[PDB]
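Engineer: Below is the file final06.txt, which contains compact mmCIF, C-alpha atoms and all ligand atoms.
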# COMPACT_ATOMS: atom_id res chain seq x y z
CA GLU A 1 -1.95 -20.82 5.12
CA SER A 2 -0.32 -18.13 7.26
CA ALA A 3 3.20 -19.07 6.11
CA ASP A 4 2.10 -19.08 2.46
CA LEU A 5 0.56 -15.63 2.56
CA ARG A 6 3.83 -14.50 4.13
CA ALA A 7 5.88 -16.09 1.34
CA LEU A 8 3.56 -14.54 -1.26
CA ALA A 9 4.08 -11.11 0.35
CA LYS A 10 7.84 -11.63 0.43
CA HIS A 11 7.87 -12.67 -3.27
CA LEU A 12 5.83 -9.69 -4.49
CA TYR A 13 7.94 -7.36 -2.43
CA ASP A 14 11.06 -8.82 -4.05
CA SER A 15 9.67 -8.26 -7.53
CA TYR A 16 8.28 -4.87 -6.56
CA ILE A 17 11.87 -3.88 -5.74
CA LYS A 18 13.47 -5.17 -8.95
CA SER A 19 10.59 -3.66 -10.97
CA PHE A 20 10.53 -0.15 -9.49
CA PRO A 21 14.04 1.18 -8.94
CA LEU A 22 12.98 4.21 -6.92
CA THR A 23 11.01 3.24 -3.81
CA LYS A 24 8.90 4.86 -1.13
CA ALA A 25 11.66 4.45 1.47
CA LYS A 26 14.29 5.69 -1.00
CA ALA A 27 12.19 8.72 -1.90
CA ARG A 28 10.83 9.52 1.54
CA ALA A 29 14.46 9.92 2.54
CA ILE A 30 15.21 12.44 -0.21
CA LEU A 31 12.11 14.46 0.73
CA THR A 32 12.86 14.68 4.45
CA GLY A 33 16.42 15.70 3.62
CA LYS A 34 17.39 12.36 5.12
CA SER A 35 20.07 17.91 -3.10
CA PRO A 36 17.61 17.62 -6.09
CA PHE A 37 17.29 20.20 -8.88
CA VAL A 38 14.17 22.26 -8.21
CA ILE A 39 11.73 23.12 -11.00
CA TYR A 40 9.56 26.08 -10.08
CA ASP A 41 9.02 27.67 -13.50
CA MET A 42 9.99 27.51 -17.18
CA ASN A 43 13.60 28.69 -16.89
CA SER A 44 14.45 26.24 -14.10
CA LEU A 45 12.68 23.55 -16.10
CA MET A 46 15.03 23.93 -19.05
CA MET A 47 17.95 24.44 -16.70
CA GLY A 48 16.89 21.14 -15.21
CA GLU A 49 16.51 19.66 -18.70
CA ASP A 50 19.89 18.25 -17.73
CA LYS A 51 18.66 16.85 -14.43
CA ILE A 52 19.06 13.31 -15.73
CA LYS A 53 20.62 14.41 -19.01
CA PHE A 54 17.09 15.15 -20.28
CA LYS A 55 13.68 13.52 -20.80
CA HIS A 56 14.92 12.46 -24.26
CA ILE A 57 13.09 11.55 -26.25
CA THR A 58 12.67 14.50 -26.34
CA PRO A 59 12.19 13.15 -29.88
CA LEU A 60 11.99 15.95 -32.42
CA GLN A 61 8.57 16.73 -31.00
CA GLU A 62 7.74 17.99 -27.47
CA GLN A 63 11.14 19.67 -27.87
CA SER A 64 9.13 22.74 -28.45
CA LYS A 65 6.43 24.84 -27.05
CA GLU A 66 5.02 26.73 -24.07
CA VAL A 67 5.49 25.36 -20.57
CA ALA A 68 2.25 23.41 -20.04
CA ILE A 69 2.85 21.56 -23.37
CA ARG A 70 6.54 20.87 -22.71
CA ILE A 71 5.52 19.34 -19.38
CA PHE A 72 2.46 17.47 -20.64
CA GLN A 73 4.74 15.87 -23.21
CA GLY A 74 7.52 14.95 -20.76
CA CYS A 75 4.90 13.27 -18.62
CA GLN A 76 4.24 10.76 -21.39
CA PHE A 77 7.86 9.62 -21.53
CA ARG A 78 7.87 8.77 -17.82
CA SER A 79 4.51 7.07 -18.02
CA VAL A 80 5.61 4.75 -20.85
CA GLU A 81 8.50 3.72 -18.59
CA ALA A 82 6.01 3.09 -15.81
CA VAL A 83 3.71 0.96 -17.95
CA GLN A 84 6.68 -1.25 -18.78
CA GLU A 85 7.77 -1.54 -15.17
CA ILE A 86 4.17 -2.33 -14.23
CA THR A 87 3.68 -4.91 -17.03
CA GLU A 88 6.91 -6.48 -15.84
CA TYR A 89 5.72 -6.64 -12.25
CA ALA A 90 2.35 -8.09 -13.33
CA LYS A 91 4.14 -10.97 -15.07
CA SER A 92 5.56 -11.73 -11.59
CA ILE A 93 2.19 -12.09 -9.90
CA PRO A 94 1.79 -15.86 -9.56
CA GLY A 95 -1.02 -17.04 -11.84
CA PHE A 96 -1.03 -13.93 -14.02
CA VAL A 97 0.90 -15.16 -17.06
CA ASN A 98 -1.34 -18.23 -16.86
CA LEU A 99 -4.39 -16.14 -17.66
CA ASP A 100 -5.86 -15.67 -21.08
CA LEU A 101 -3.70 -13.21 -22.99
CA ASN A 102 -6.80 -11.12 -23.72
CA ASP A 103 -7.57 -11.03 -20.01
CA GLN A 104 -3.95 -10.08 -19.28
CA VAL A 105 -4.24 -7.17 -21.75
CA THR A 106 -7.52 -5.97 -20.25
CA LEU A 107 -6.22 -6.10 -16.67
CA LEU A 108 -3.23 -3.98 -17.55
CA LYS A 109 -5.21 -1.60 -19.78
CA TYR A 110 -7.63 -0.74 -16.95
CA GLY A 111 -5.25 -1.03 -13.96
CA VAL A 112 -2.22 0.84 -15.16
CA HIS A 113 -3.32 4.36 -14.19
CA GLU A 114 -4.65 3.26 -10.84
CA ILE A 115 -1.15 1.94 -10.16
CA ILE A 116 0.58 4.95 -11.63
CA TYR A 117 -1.33 7.29 -9.27
CA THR A 118 -0.75 4.91 -6.35
CA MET A 119 2.96 4.84 -6.97
CA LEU A 120 3.18 8.55 -7.69
CA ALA A 121 1.94 9.27 -4.14
CA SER A 122 5.13 7.76 -2.73
CA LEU A 123 6.92 10.47 -4.68
CA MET A 124 4.87 13.41 -3.36
CA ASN A 125 4.56 15.65 -0.30
CA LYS A 126 2.16 18.56 0.18
CA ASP A 127 4.59 20.85 -1.63
CA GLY A 128 5.78 19.01 -4.74
CA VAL A 129 6.75 15.85 -6.58
CA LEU A 130 10.03 14.06 -7.22
CA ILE A 131 11.14 13.42 -10.78
CA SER A 132 14.09 11.99 -12.68
CA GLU A 133 14.45 9.19 -10.23
CA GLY A 134 14.70 11.62 -7.33
CA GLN A 135 17.10 14.04 -9.03
CA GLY A 136 14.47 16.73 -9.48
CA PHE A 137 11.66 18.16 -7.37
CA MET A 138 8.78 19.79 -9.21
CA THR A 139 6.72 22.20 -7.08
CA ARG A 140 3.00 21.70 -6.71
CA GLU A 141 2.31 25.42 -7.20
CA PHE A 142 4.16 25.36 -10.47
CA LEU A 143 2.05 22.44 -11.63
CA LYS A 144 -1.27 24.20 -10.80
CA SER A 145 -0.25 27.50 -12.41
CA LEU A 146 -0.19 25.64 -15.72
CA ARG A 147 -3.16 27.18 -17.49
CA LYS A 148 -5.24 26.02 -20.48
CA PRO A 149 -6.70 22.74 -19.19
CA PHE A 150 -3.30 21.43 -18.06
CA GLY A 151 -3.79 22.97 -14.65
CA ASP A 152 -5.46 20.51 -12.34
CA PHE A 153 -4.18 17.58 -14.34
CA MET A 154 -2.00 17.12 -11.29
CA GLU A 155 -3.76 18.97 -8.50
CA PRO A 156 -6.24 16.07 -8.03
CA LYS A 157 -3.36 13.58 -7.67
CA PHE A 158 -1.75 15.79 -5.07
CA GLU A 159 -5.04 15.92 -3.20
CA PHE A 160 -5.28 12.13 -3.29
CA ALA A 161 -1.60 11.59 -2.48
CA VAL A 162 -1.84 13.65 0.71
CA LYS A 163 -4.71 11.53 2.04
CA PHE A 164 -3.12 8.27 0.85
CA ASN A 165 0.22 9.03 2.44
CA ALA A 166 -1.54 9.66 5.74
CA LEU A 167 -2.25 5.89 5.73
CA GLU A 168 1.56 5.70 5.86
CA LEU A 169 1.95 2.51 3.85
CA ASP A 170 5.40 1.16 3.22
CA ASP A 171 6.78 -0.64 0.16
CA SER A 172 5.87 -4.07 1.54
CA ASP A 173 2.27 -3.00 1.99
CA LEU A 174 2.14 -1.25 -1.33
CA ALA A 175 3.53 -4.31 -3.09
CA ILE A 176 0.44 -6.39 -2.38
CA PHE A 177 -1.98 -3.50 -2.75
CA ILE A 178 -0.76 -3.00 -6.33
CA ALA A 179 -1.08 -6.73 -7.04
CA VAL A 180 -4.68 -6.63 -5.78
CA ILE A 181 -5.52 -3.67 -8.07
CA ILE A 182 -4.16 -5.44 -11.16
CA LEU A 183 -6.16 -8.57 -10.33
CA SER A 184 -9.51 -6.71 -10.36
CA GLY A 185 -12.22 -8.95 -11.81
CA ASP A 186 -14.69 -6.15 -12.69
CA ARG A 187 -12.78 -4.93 -15.71
CA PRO A 188 -14.95 -4.34 -18.81
CA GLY A 189 -14.60 -7.12 -21.39
CA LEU A 190 -13.03 -9.85 -19.29
CA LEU A 191 -13.39 -13.27 -20.88
CA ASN A 192 -13.50 -15.37 -17.76
CA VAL A 193 -13.54 -13.78 -14.36
CA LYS A 194 -13.36 -16.76 -12.01
CA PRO A 195 -9.58 -17.38 -12.18
CA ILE A 196 -8.76 -13.69 -11.76
CA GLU A 197 -11.05 -13.40 -8.72
CA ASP A 198 -9.44 -16.52 -7.31
CA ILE A 199 -6.03 -14.89 -7.46
CA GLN A 200 -7.31 -11.62 -5.97
CA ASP A 201 -8.87 -13.54 -3.06
CA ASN A 202 -5.38 -14.71 -2.39
CA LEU A 203 -3.69 -11.33 -2.65
CA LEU A 204 -6.44 -9.91 -0.42
CA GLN A 205 -5.80 -12.46 2.31
CA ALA A 206 -2.09 -11.72 2.05
CA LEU A 207 -2.67 -7.94 2.16
CA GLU A 208 -4.89 -8.27 5.24
CA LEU A 209 -2.23 -10.17 7.15
CA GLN A 210 0.48 -7.84 5.99
CA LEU A 211 -1.49 -4.89 7.35
CA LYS A 212 -2.06 -6.60 10.69
CA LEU A 213 1.60 -7.61 11.20
CA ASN A 214 3.14 -4.39 9.87
CA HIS A 215 0.57 -1.87 11.26
CA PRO A 216 -0.82 -3.44 14.47
CA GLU A 217 -2.26 -0.26 16.02
CA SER A 218 -3.74 1.10 12.78
CA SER A 219 -7.39 0.21 13.25
CA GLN A 220 -9.29 -0.99 10.18
CA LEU A 221 -6.35 -0.17 7.86
CA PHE A 222 -7.40 -2.94 5.50
CA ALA A 223 -10.81 -1.30 5.11
CA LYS A 224 -9.40 2.24 4.83
CA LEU A 225 -7.16 1.00 2.06
CA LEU A 226 -9.83 -0.64 -0.12
CA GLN A 227 -11.79 2.56 0.33
CA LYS A 228 -8.91 4.30 -1.41
CA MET A 229 -9.64 2.22 -4.48
CA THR A 230 -12.66 4.48 -5.05
CA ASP A 231 -10.63 7.69 -4.67
CA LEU A 232 -8.36 6.08 -7.30
CA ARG A 233 -11.08 5.35 -9.87
CA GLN A 234 -12.22 8.99 -9.66
CA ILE A 235 -8.76 10.29 -10.40
CA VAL A 236 -8.54 7.85 -13.30
CA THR A 237 -11.86 8.88 -14.87
CA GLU A 238 -11.11 12.57 -14.19
CA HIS A 239 -7.79 12.06 -15.96
CA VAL A 240 -9.39 10.39 -18.96
CA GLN A 241 -11.76 13.33 -19.46
CA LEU A 242 -8.78 15.71 -19.36
CA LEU A 243 -7.20 13.46 -22.06
CA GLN A 244 -10.34 13.70 -24.21
CA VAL A 245 -10.40 17.49 -24.05
CA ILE A 246 -6.74 17.69 -25.07
CA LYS A 247 -7.25 15.49 -28.10
CA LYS A 248 -9.52 18.22 -29.47
CA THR A 249 -9.15 21.74 -28.06
CA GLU A 250 -5.39 21.62 -27.93
CA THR A 251 -3.33 21.46 -31.07
CA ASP A 252 -2.47 18.11 -32.53
CA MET A 253 0.27 17.03 -30.19
CA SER A 254 1.65 13.56 -30.74
CA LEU A 255 0.84 10.59 -28.54
CA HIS A 256 3.07 7.61 -27.87
CA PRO A 257 1.55 4.57 -29.64
CA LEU A 258 1.56 2.65 -26.35
CA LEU A 259 -0.59 5.33 -24.70
CA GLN A 260 -2.98 5.42 -27.68
CA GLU A 261 -3.67 1.69 -27.31
CA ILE A 262 -4.48 1.96 -23.63
CA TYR A 263 -6.48 5.15 -24.01
CA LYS A 264 -8.65 4.09 -26.98
CA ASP A 265 -12.01 2.67 -25.89
CA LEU A 266 -11.42 3.04 -22.14
CA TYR A 267 -13.25 4.99 -19.42
CA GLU B 1 -5.15 -7.95 -28.51
CA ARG B 2 -5.51 -5.00 -30.84
CA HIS B 3 -3.26 -3.67 -28.11
CA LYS B 4 -0.25 -4.97 -30.02
CA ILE B 5 2.61 -3.15 -28.24
CA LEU B 6 1.11 -4.38 -24.96
CA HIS B 7 0.53 -7.91 -26.25
CA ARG B 8 4.26 -8.02 -26.99
CA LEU B 9 5.26 -6.64 -23.57
CA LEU B 10 3.31 -9.51 -22.05
CA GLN B 11 4.45 -11.95 -24.70
CA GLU B 12 7.86 -12.36 -23.04
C1 LIG C 301 0.38 11.78 -19.59
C2 LIG C 301 0.29 11.85 -18.13
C3 LIG C 301 0.15 11.87 -16.95
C4 LIG C 301 0.05 11.86 -15.47
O1 LIG C 301 -0.77 10.74 -15.16
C5 LIG C 301 -0.60 13.10 -14.84
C6 LIG C 301 0.43 13.73 -13.89
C7 LIG C 301 1.76 13.16 -14.41
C8 LIG C 301 3.00 13.28 -13.53
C9 LIG C 301 3.21 14.76 -13.17
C10 LIG C 301 4.60 15.13 -12.66
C11 LIG C 301 5.56 14.53 -13.66
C12 LIG C 301 6.60 14.98 -14.13
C13 LIG C 301 7.57 14.98 -14.88
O2 LIG C 301 8.40 15.86 -14.97
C14 LIG C 301 7.56 13.69 -15.69
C15 LIG C 301 6.58 12.67 -15.04
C16 LIG C 301 5.36 13.26 -14.31
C17 LIG C 301 4.16 12.68 -14.30
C18 LIG C 301 3.99 11.40 -15.11
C19 LIG C 301 4.33 10.25 -14.23
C20 LIG C 301 3.97 8.96 -14.58
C21 LIG C 301 4.30 7.90 -13.74
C22 LIG C 301 4.98 8.12 -12.55
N1 LIG C 301 5.28 7.04 -11.71
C23 LIG C 301 4.79 5.71 -12.05
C24 LIG C 301 6.01 7.23 -10.47
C25 LIG C 301 5.34 9.42 -12.20
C26 LIG C 301 5.02 10.48 -13.05
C27 LIG C 301 2.58 11.25 -15.72
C28 LIG C 301 1.44 11.73 -14.81
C29 LIG C 301 1.28 10.84 -13.58
Please render this file's structure as structure tokens.
Ligand SMILES: CC#C[C@]1(O)CC[C@H]2[C@@H]3CCC4=CC(=O)CCC4=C3[C@@H](c3ccc(N(C)C)cc3)C[C@@]21C
Structural biologist:
Amino acid sequence: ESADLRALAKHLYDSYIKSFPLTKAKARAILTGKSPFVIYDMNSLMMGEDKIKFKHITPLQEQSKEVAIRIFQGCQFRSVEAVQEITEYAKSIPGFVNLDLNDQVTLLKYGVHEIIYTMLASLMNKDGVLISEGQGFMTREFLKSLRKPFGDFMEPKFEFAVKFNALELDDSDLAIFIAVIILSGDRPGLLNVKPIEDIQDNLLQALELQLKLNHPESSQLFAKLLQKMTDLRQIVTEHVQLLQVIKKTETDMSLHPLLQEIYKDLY
Amino acid sequence: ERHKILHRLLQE
């Protein structure tokens, strides 16, 4: 049993690495100074629109407007990327591609943002967030100052990230934590729960052992970590409401078809 | 599976 949980950890870690090119270690280094373009306002945003060439697409929309919009729209590019990376990594969780396709869709639909905010925290410190695969650093204060409702679309994630990073998880820990989140059996509209819960039981055992080996003096880390899953749901449901108020009060800005699918009929 | 982009992502 012990050796198999270990092998399962090792495997997920391996796929976690292939699937997400920029890692916590990689990005923690950059942040501690262990040379990124800094975005602090509009001008330095555009001047950093050649940070990684540009967030293009950059279709022939988003190209455009005031700062909050330009940023809101660049956020969708990166988050389509992320959904693909995540989908990819899910396929690698043993047992997952064996599930009903409808169940597979549901798990990803409901778990994707929880994972996006989990992974984003690796990329943050109290003062700002990395972007463009660590080539840019966007300041927190800039992100708040965004006005209409776009302010505080990111402040809550910073607040969560700062607490989450205090747990000081590494990539090996995060690898299994993310697996566990995807294999959540309480997703609305699951067809049959039993096989998903069987897999999670397994990831949970593996996570528990990982925490004990890797963080031997961190008391009740396993518990503290599952408690973060509630923090995470709040951010997700807060985010969704923001989404709903944009799709009305703000002008008709376009949405990537992939995001529309995930967003429609979810809470 | 009226999440068709996603169904494809998962469908190899
Ligand atoms: C639409 C939308 C949205 C958001 O969920 C809200 C904050 C966005 C974040 C801000 C800060 C930010 C800045 C950019 O310049 C592009 C990307 C970006 C985001 C988006 C994002 C999505 C996924 C990741 N991962 C998986 C590391 C990183 C950044 C989208 C975020 C999270």
Engineer: Any idea which chain A residues end up within 12 Å of chain B if we count only C-alpha atoms, as an MDAnalysis selection string please?
Structural biologist: chainID A and resid 80:81 83:92 96:109 112 189 256:265
Engineer: Out of A:224, A:157, A:148, A:26, which residue has the shortest atom-to-atom distance to residue A:72 when counting all atoms listed in the file?
Structural biologist: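 That would be A:148, the residue with the smallest distance to residue A:72.
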Engineer: Which protein, DNA or RNA residues have an atom within 6 Å of ligand LIG 301 (chain C), counting all atoms listed in the file, as a count of residues only?
Structural biologist: 12
Engineer: Show which residues sit within 10 Å of stretch 195-211 of chain A, as JSON, numbers by chain. Count all atoms listed in the file, and ignore same-chain residues fewer than 2 positions away.
Structural biologist: {"A": [1, 2, 3, 4, 5, 6, 7, 8, 9, 10, 12, 93, 94, 95, 96, 98, 99, 100, 103, 104, 107, 169, 172, 173, 174, 175, 176, 177, 178, 179, 180, 181, 182, 183, 184, 185, 186, 190, 192, 193, 213, 214, 215, 216, 217, 218, 219, 220, 221, 222, 223, 225, 226]}
Engineer: For atom CA of residue A:14 and atom CA of residue A:164, quote the distance in Å rounded to one decimal.
Structural biologist: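 A separation of 22.7 Å between them.
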Engineer: Considering all atoms listed in the file, state which residue in the set A:115, A:125, A:170, A:67 is at the smallest distance from residue A:43.
Structural biologist: A:67
Engineer: So how far away is atom CA of residue A:156 from atom CA of residue A:252, in Å?
Structural biologist: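 Calculated distance between atom CA of residue A:252 and atom CA of residue A:156 is 24.9 Å.
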Engineer: Box time for stretch 158-169 of chain A: axis-aligned, enclosing all its listed atoms, 4 Å extra on each side; report centre and edge lengths in Å to one decimal, as JSON.
Structural biologist:
{"center_x": -1.7, "center_y": 9.2, "center_z": 0.4, "size_x": 15.2, "size_y": 21.4, "size_z": 18.9}
Engineer: Record the distance separating atom CA of residue A:194 and atom CA of residue A:114, expressed in Å with one decimal.
Structural biologist: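 Between atom CA of residue A:194 and atom CA of residue A:114 the gap is 21.9 Å.
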Engineer: If you count only C-alpha atoms, which residues fall within 10 Å of residue A:124, apart from same-chain ones fewer than 3 positions away, as an NGL selection string?
Structural biologist: :A and (24 or 27-28 or 31 or 119-121 or 127-131 or 137-140 or 157-158 or 161-162 or 165)
